[PDB]
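A.B. asks: Need the 3D shape of this:
(8 chains)
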Amino acid sequence: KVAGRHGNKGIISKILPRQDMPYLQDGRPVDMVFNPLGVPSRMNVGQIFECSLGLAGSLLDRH
Amino acid sequence: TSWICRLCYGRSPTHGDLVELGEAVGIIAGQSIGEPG
Amino acid sequence: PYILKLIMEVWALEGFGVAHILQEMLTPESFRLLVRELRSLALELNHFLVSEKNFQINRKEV
Amino acid sequence: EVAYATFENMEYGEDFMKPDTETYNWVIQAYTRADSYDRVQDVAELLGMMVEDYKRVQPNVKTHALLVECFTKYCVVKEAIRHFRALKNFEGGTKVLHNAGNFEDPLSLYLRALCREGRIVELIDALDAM
Amino acid sequence: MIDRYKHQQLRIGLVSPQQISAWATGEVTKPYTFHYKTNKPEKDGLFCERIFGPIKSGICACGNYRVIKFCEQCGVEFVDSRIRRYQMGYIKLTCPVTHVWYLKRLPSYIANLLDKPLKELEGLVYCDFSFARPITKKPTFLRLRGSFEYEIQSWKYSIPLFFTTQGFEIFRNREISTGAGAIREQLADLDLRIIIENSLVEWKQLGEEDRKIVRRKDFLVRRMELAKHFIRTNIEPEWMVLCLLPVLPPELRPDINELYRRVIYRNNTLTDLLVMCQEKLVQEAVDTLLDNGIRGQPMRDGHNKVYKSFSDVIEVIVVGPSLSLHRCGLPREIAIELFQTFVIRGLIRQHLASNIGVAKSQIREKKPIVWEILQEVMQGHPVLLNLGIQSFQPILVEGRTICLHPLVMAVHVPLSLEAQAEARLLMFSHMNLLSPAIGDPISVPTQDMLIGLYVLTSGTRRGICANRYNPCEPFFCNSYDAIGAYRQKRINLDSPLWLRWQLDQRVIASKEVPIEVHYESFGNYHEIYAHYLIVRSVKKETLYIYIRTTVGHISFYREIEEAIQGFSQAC
Amino acid sequence: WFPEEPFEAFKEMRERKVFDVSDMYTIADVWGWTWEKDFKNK
Amino acid sequence: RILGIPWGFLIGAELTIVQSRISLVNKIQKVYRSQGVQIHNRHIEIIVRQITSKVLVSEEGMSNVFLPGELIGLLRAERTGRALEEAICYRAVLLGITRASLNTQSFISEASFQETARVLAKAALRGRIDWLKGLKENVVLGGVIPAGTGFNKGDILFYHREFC
Amino acid sequence: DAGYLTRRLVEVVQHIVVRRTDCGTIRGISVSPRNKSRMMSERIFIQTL
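C.D. replies: Residues are numbered from 1 along each chain as shown, chains lettered A, B, ... in the order given. The protein structure is shown below:
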């Protein structure tokens, strides 16, 4: 079981090789794929803000 | 009041035909009202 | 994002009409023990079978 | 209860299995001569079921003799009097109720219950039938 | 047809003192539980092996062993030790005690049968009262009657001296008695047929004549109903007063033991004296054992805990989207335990294991032949998973988790063929597609499945969303060509197209007349509808249909059609 | 709602086929007990 | 006050019971239908039949057949009324599902539902018999329930040949 | 509150089993589609039939 800090809790159901994962326009595959249907029903928009800002910080070397 | 017959009950919802002999329709009625509570 | 790693059944069987599955999932010690507890209150609980053929009454060993 | 299970098989079965007058008499007789427990309510409900079946079933001599015997035993005397009046019109009549002196002699019990309750006019009419 | 008749009955009844003795023979006479030094069951105690049987199968009290009738030294019966779960004992009460169920639980049965208020009857049991003339079937010569709160003065000195003490004791408990024993004499001497006639005449008198008359009428009907049941049954009303106390078997009392000790202790004290205060202690202790919480403040132990009587005693999953609807996946570690008996039999049957002992070691040591057998015996053997409980056909999966299909922890394996038939033929997830409440389907696609169908069948953009300007597409011969063009990225999923249609006109559409009819002077006319074009003629019998659709609509139609055709071919 | 008035409620019982006069019979009149009217209401 | 013997009680009980059943089903279905819950009337009618299937023998009806204050089935009371004139006077009573569950034909079912000590004390004093017709009765006994697959009990010419 | 109600509902009708083909009753319940005081819902009235 994994979780974010916004009450988004999940259970790992499948482990894929990195070449089977969806990948970005820089070629990097993603590490996890979450269901987007979990957000509107649970109404925890804060995870959307955090994930975007986390990506910016990693590329900018910022916390 | 201790049992019911096929004709007075009528068709089964789960099976399309007239309800079969031996069906526990009392317990089915109890679940069908309690579950949507 | 930052992701952390963390540390009625009888009625349903009766509604299906699976009488032999229900008997398996229940099995008798549950009833024999009940008879003894009732005996502690000066009550006796006898199980009799009446034969449909010759109408002879049989007292089950409980 | 053994005889009543068979009766229920017939009462709620197909047309060729429906109870006749003899069927009602057997089930009534089973309750009247039960070994234990009060059965007068069972007999009176069976009688109501038989009456509801009047278009198909009519009584005979045994029906009234059994009903006189049952109501006398439970001391429902006014109902035993109604069924004794119907029993008079049947030939043989009181001899069937006498049962050759078996089952505690239902003929004598009917006479005794009439004497114990001061229903003398009924008692004399019973003797005329005998 | 004739019913398959089945006549079974069970009855409960109050138990005679004779039946209580017949259960045990067996008298527990000592308040001892277990010896301190030998740690053995005390003789004639609550755990005695004379009365309840050996604690070790085939081993006697002295230690003599026999292969599975009484030992000469101790008397232990050489039987299985399981008899301690079912063997009763009993306590011989020096003084009779009323059963608390039939005295104190309102409405009182004893008080209703005797037609005495429970207040005037409770003092006969728990207070220093005495009842005069308890019986009516034997000669008496004193004009005493009723309940006397005090003591008769002459009855203390003059009467015992005049008749002598030895001669007085014979007829003493016939003029005035005390305790629960006095109640038992009243119950045993009751004329149940007199009760019915007296209640009926009193009932009719009140009818000829406001909150008391109605209440008294209900009392009389209850009393005559109670008398009638005693007459037509084999229950004696005097059994409501206990002379013997049955004792629960030791294995069911490995609270109750302490309550038994108190009853034995006081009962042994009372027989040593032979007083009325001691009788109350015995009677109250039996009340505590049978049903506490009926007198007021219940008995409590030293740790401030209320004693419990016999009346208190009687009163991970992981989704698998590729699974079929009727299947489930079980881990090896779970499957091998659930099916161990079948794996052992399969090993013996195919002679891979000599016997049961060897077949266990191969399972223990994870010999690879075990998993081949496990797959074999699992096939065709459904399991129950707990529509909360359903039946699935298990398949072995990799990993450590149970895998369930997306439209669905206890696992039960049916053993008998009767149970296996019911699981496969009644509880499988495909003969229960309709819910019993209203007849709705149970497994309708939801969430991501539903979104996929919605996106698939959301057709082309229309009107001002399709063209920037006011306008003042490919044709496919068959649906496979259209789908093939989509696979080659020649069209998009929602790009409009025309499909040559060679079936009947079965396109769900708005019931509307043509937008436009183009009528050629040679006889052919084209009817342009909102979703299809129909080409007809006044010279020929031709009728050509072209549907304006998308590959998404084609894909949805094909999936259902090919599912129906695939199932038909396979069956 | 059945009418609160009694005779209206009797009429509604017949209209909705709850109860009709075909259900009004006793053991005396279906078993041919013509002699019982002599022993009653005297 | 309008009708006579087994017609005032018989017709009065029919009117009360029919009216009660209509309003009981409507009230129950009004709750579920306002929440969007669809249930067939069959299931509700089965429950309501048990609520409205009993009459109470009136305080004045005393005989050797029924005692005043006795709870008897509606069909039994109707049939006895046609056959007897023994002061069978009764009124329809609405029993809540709790009270109806404690007035059944099986003391085992009642004792395992609620108020076990009171149920067993009364039954033991009259030697009550349970004929084990229902489902929960047989579950307690560990038998096969009378429903589903348990319903309805589940040399001459030798040595006599031609010598030839 | 839902479980307590479900337990009581099951208990009151737990014994009801389909035991006969036809009890042979003569009575029936009358249903009318055109009550003069309220336009009954068509779909609900169809579902009760």
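
A.B. asks: Chain E versus the residue positioned nearest the centre of chain C, what's the distance?
C.D. replies: Centroid-nearest residue in chain C, with C-alpha atoms, centre = their mean: residue C:26, separated by 5.9 Å. Here residue C:26 is placed at a distance of 12 Å from chain E (C-beta to the nearest C-beta, to the nearest Å). No exception for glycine: its C-beta is placed from N, CA and C like everyone else's.

A.B. asks: could you list every residue that touches whichever residue of chain D sits closest to chain F?
C.D. replies: Closest contact between chain D and chain F, by C-beta to the nearest C-beta, is at residue D:54 (3.8 Å). Residue D:54 makes contact with F:25, F:30-31, according to C-beta atoms under 8 Å, 6 or more residues apart in numbering or on different chains.

A.B. asks: how about it, secondary structure?
C.D. replies: coil (DSSP: H, G, I helix; E, B strand; the rest coil).

A.B. asks: hmm, back to that, from the contacts of residue D:54, keep the buried residues only.
C.D. replies: Buried members of the contacts of residue D:54, scored by 16 or more other C-beta atoms under 10 Å in any protein chain shown, are residue F:31.

A.B. asks: how about the residues of chain D near chain H?
C.D. replies: Residues of chain D found near chain H (C-beta under 8 Å from any C-beta of the partner chain) are D:11-13.

A.B. asks: at 6 Å what do you get?
C.D. replies: Listed as neighbours of chain H in chain D under the rule C-beta under 6 Å from any C-beta of the partner chain: residue D:12.

A.B. asks: ranges for the helices of chain D?
C.D. replies: Taking DSSP state H as the test, the helices found in chain D are D:2-11, D:21-32, D:40-52, D:61-73, D:77-88, D:94-98, D:106-116, D:120-129.

A.B. asks: Just name the most buried of the ones you listed.
C.D. replies: Ranked by mean neighbour count, the helices of chain D are led by helix D:61-73 with a mean of 25 (mean count of other C-beta atoms under 10 Å in any protein chain shown).

A.B. asks: Need the contact partners of that helix.
C.D. replies: Here helix D:61-73 makes contact (C-beta atoms under 6 Å, 6 or more residues apart in numbering or on different chains) with D:25, D:28-29, D:32, D:43, D:79-80, D:83-84, D:86-87, D:90, D:92, D:96-97, D:106, D:109-110, D:113.

A.B. asks: near chain B, which of the residues you listed show up?
C.D. replies: Within these, nothing lies near chain B by C-beta under 6 Å from any C-beta.

A.B. asks: And the residue in chain F positioned nearest to chain D, how far from residue G:86?
C.D. replies: Closest residue of chain F to chain D, C-beta to the nearest C-beta: residue F:30 (3.8 Å). Counting by C-beta to C-beta, to the nearest Å, the separation of residue F:30 from residue G:86 is 19 Å.

A.B. asks: Identify the single longest helix in the chain, thanks.
C.D. replies: Using chain A here. Criterion DSSP H: the longest helix present in chain A is helix A:46-60.

A.B. asks: oops, chain G please
C.D. replies: Assignment by DSSP H gives helix G:8-34 as the longest helix of chain G.

A.B. asks: same question, chain C
C.D. replies: Longest helix in chain C, counting by DSSP H: helix C:29-39.

A.B. asks: Name the residues that touch that helix?
C.D. replies: For helix C:29-39, contacts defined as C-beta under 6 Å, 6+ apart pick out C:45, C:62, E:88, E:246, E:249, G:141-142.

A.B. asks: Report the two of those residues separated the most.
C.D. replies: Greatest spacing in the contacts of helix C:29-39, by C-beta to C-beta: E:246 and G:142 (24.0 Å).

A.B. asks: neighbour count winner among those two?
C.D. replies: residue E:246 (24 against 15; other C-beta atoms under 10 Å in any protein chain shown).

A.B. asks: On the three-state scheme, residue E:23 is what?
C.D. replies: Three-state assignment for residue E:23 (three-state DSSP): helix.

A.B. asks: For it, which non-adjacent residue is spatially closest?
C.D. replies: What sits nearest to residue E:23 in space, not counting adjacent residues and going by C-beta to C-beta, 6 or more residues apart in numbering or on different chains, is residue E:88, at 4.3 Å.

A.B. asks: Can you report how many residues neighbour that neighbour?
C.D. replies: Using other C-beta under 10 Å, residue E:88 has 19 other residues around it.

A.B. asks: ok, it touching residue E:24?
C.D. replies: Yes - using C-beta atoms under 6 Å, residue E:88 is in contact with residue E:24, at 5.3 Å.

A.B. asks: isn't there a strand covering residue E:97?
C.D. replies: Yes - with three-state DSSP as the criterion, residue E:97 is located in a strand.

A.B. asks: which residues sit against stretch G:40-52?
C.D. replies: Contacts with stretch G:40-52, where a contact means C-beta under 6 Å, 6+ apart, come from B:29, B:32-33, E:438, G:17, G:20-21, G:24-25, G:28, G:95, G:100, H:12-13, H:48.

A.B. asks: so residue E:537 makes contact with residue E:522?
C.D. replies: No - counting by C-beta under 6 Å, residue E:537 stays clear of residue E:522, with 8.8 Å between them.

A.B. asks: interface residues of the stretch 51-200 of chain E facing chain G?
C.D. replies: Residues of the stretch 51-200 of chain E found near chain G (C-beta under 6 Å from any C-beta) are residue E:101.

A.B. asks: Mind doing that once more with 8 Å?
C.D. replies: Counting by C-beta under 8 Å from any C-beta, the stretch 51-200 of chain E comes close to chain G at E:101-102, E:105, E:109.

A.B. asks: so of those, which ones are in helices?
C.D. replies: The helices, defined by DSSP H, take in E:101-102, E:109 from those.

A.B. asks: ok, back up a step: right, and the residue of chain F closest to chain D touches residue D:51 too?
C.D. replies: Yes - counting by C-beta atoms under 8 Å, residue F:30 does reach residue D:51; the two are 6.2 Å apart.

A.B. asks: for the chain, what spans make up the strands?
C.D. replies: All of this is about chain A. Secondary structure of chain A (DSSP state E): strands at A:2-3, A:9-10.

A.B. asks: was after chain G, sorry
C.D. replies: For chain G, the strands defined by DSSP E occupy G:54-57, G:71-73, G:90-93, G:129-130.

A.B. asks: Which elements pack onto the second one?
C.D. replies: Read that as strand G:71-73. For strand G:71-73, the packing partners by 3 or more C-beta pairs under 8 Å, 6 or more residues apart in numbering or on different chains; DSSP states H and E come out as strand G:54-57.

A.B. asks: just the CA coordinates of the top helix by length along chain B, formatted as PDB?
C.D. replies: Secondary structure assigned by DSSP H gives helix B:25-34 as the longest helix of chain B. C-alpha atoms of helix B:25-34 as PDB (Å, rounded to 0.1, in the frame of the first residue of the first chain):
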ATOM      1  CA  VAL B  25     -38.300 -16.000  -0.900                       C
ATOM      2  CA  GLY B  26     -38.800 -14.700   2.600                       C
ATOM      3  CA  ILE B  27     -35.100 -14.400   3.100                       C
ATOM      4  CA  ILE B  28     -34.800 -12.900  -0.400                       C
ATOM      5  CA  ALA B  29     -37.400 -10.300   0.500                       C
ATOM      6  CA  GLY B  30     -35.500  -9.500   3.700                       C
ATOM      7  CA  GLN B  31     -32.300  -8.900   1.900                       C
ATOM      8  CA  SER B  32     -33.900  -6.900  -0.900                       C
ATOM      9  CA  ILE B  33     -35.200  -4.400   1.600                       C
ATOM     10  CA  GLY B  34     -32.300  -4.400   4.100                       C
END
